[PDB]
């Protein structure tokens, strides 16, 4: 069931964010529907980072369900925030969303990531990040290595 691409090419000047979800099902809806949405402030943060990118660069989203003990996949932003997308799939609180392109669907346990300490987050491990916590690039590429190296939320389908 997992989706693990042979390579991930990360364009220079790209940025990386932890995405958290209170629900595995919202994540699945993201995969099938190619959209995601964050909080009021979370969206503002992602929207601003996405607008700021030099041309080739991307924004990577590393997904993790709350209290799940793992990360479960990787997506890119493929649009800025829009209003004309179908946010009814989340029922509410997420009135805007942006397009995402899924790259990796695979579980990676927190155990395997708790070595990566985030300097701008008081040296806390990446596994202890809030939604839209930014990750430095060199640390991110190491994490991406772990994603491409087996369970997935696409198995019971």
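Residue numbers count along the first chain shown, from 1.
A.B. asks: According to the PDB entry, how many deposited residues between residue 149 and residue 150 are absent from the model (none, 1 to 3, 4 to 9, 10 or more)?
C.D. replies: The entry has a gap there, with 4 to 9 residues left out between residue 149 and residue 150.
A.B. asks: Going by the PDB record, how many residues of the deposited sequence fall between residue 91 and residue 92 without any coordinates: none, 1 to 3, 4 to 9, or 10 or more?
C.D. replies: The entry has a short gap there, with 1 to 3 residues left out between residue 91 and residue 92.
A.B. asks: Determine, for stretches 103-111 and 52-60, which one has the higher mean CA B-factor as deposited.
C.D. replies: For C-alpha atoms only, the mean B-factor is higher in 52-60.
A.B. asks: Mean C-alpha B-factor higher for 5-13, or for 129-137?
C.D. replies: According to the PDB entry, the answer is 5-13.
A.B. asks: Given 29, 95, 45, 70, identify the residue with the highest C-alpha B factor in the PDB entry.
C.D. replies: Most elevated C-alpha B-factor of the set, per the entry: 95.
A.B. asks: Give the position of residue 23 by CA B-factor within its chain, expressed as the lowest, middle or highest third.
C.D. replies: Its C-alpha B-factor, which the entry lists for residue 23, ranks in the lowest third among residues of this chain.
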